[PDB]
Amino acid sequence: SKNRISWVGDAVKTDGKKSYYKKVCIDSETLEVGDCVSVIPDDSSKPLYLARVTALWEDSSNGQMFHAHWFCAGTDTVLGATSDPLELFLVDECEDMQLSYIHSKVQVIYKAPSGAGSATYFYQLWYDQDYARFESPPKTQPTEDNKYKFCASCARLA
């Protein structure tokens, strides 16, 4: 939902037919080439389309325009849905489009390959094996007398 659109800065290039720009002000926000954008599909029930703004230009025939380089989610691939709803995939699908179709400005980052990391065990909760329930870890404290051999499980069960 975008209704008030204004160019930012002088035109970077001119076709004599198109006037390319580097930044746009849409409503409150400022959008520039390279930013990413969300678009509602024709079927509103479908998830948001996401794209990278590769160009911005004013057209004598079409008006205020931009070029959308789409991303895609796992459901759009042979994979099916992915484990993370924030996961996207690059894909070679493009589209010229009106700026008024932009739903919102979104943040898309590239996550570079990473290593295995510190493979150590961890815990977060305490399991009451009698009542089959999880709680925050109990804060049973040792004394200065039995600290050298304190077992928090020995203390509670006593």
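Numbers for residues come from their place in the sequence shown, where the first is 1.
Comparing average C-alpha B factors as deposited, tell me which of 93 to 101 and 111 to 119 sits higher.
On average, C-alpha B-factors are higher across 111 to 119.
Tell me which stretch, 27 to 35 or 64 to 72, has the higher mean Cα B-factor listed in the entry.
Between 64 to 72 and 27 to 35, it is 27 to 35.
Check where residue 46 lands among this chain's C-alpha B-factors and tell me if it's the lowest, middle or highest third.
It falls in the top third of the chain.
What third of the chain does residue 57 rank in for C-alpha temperature factor, lowest, middle or highest?
Middle third by C-alpha B-factor.
Quick check on the deposited entry: does the C-alpha B-factor of residue 139 sit in the lowest, middle or highest third of its chain?
It falls in the top third of the chain.
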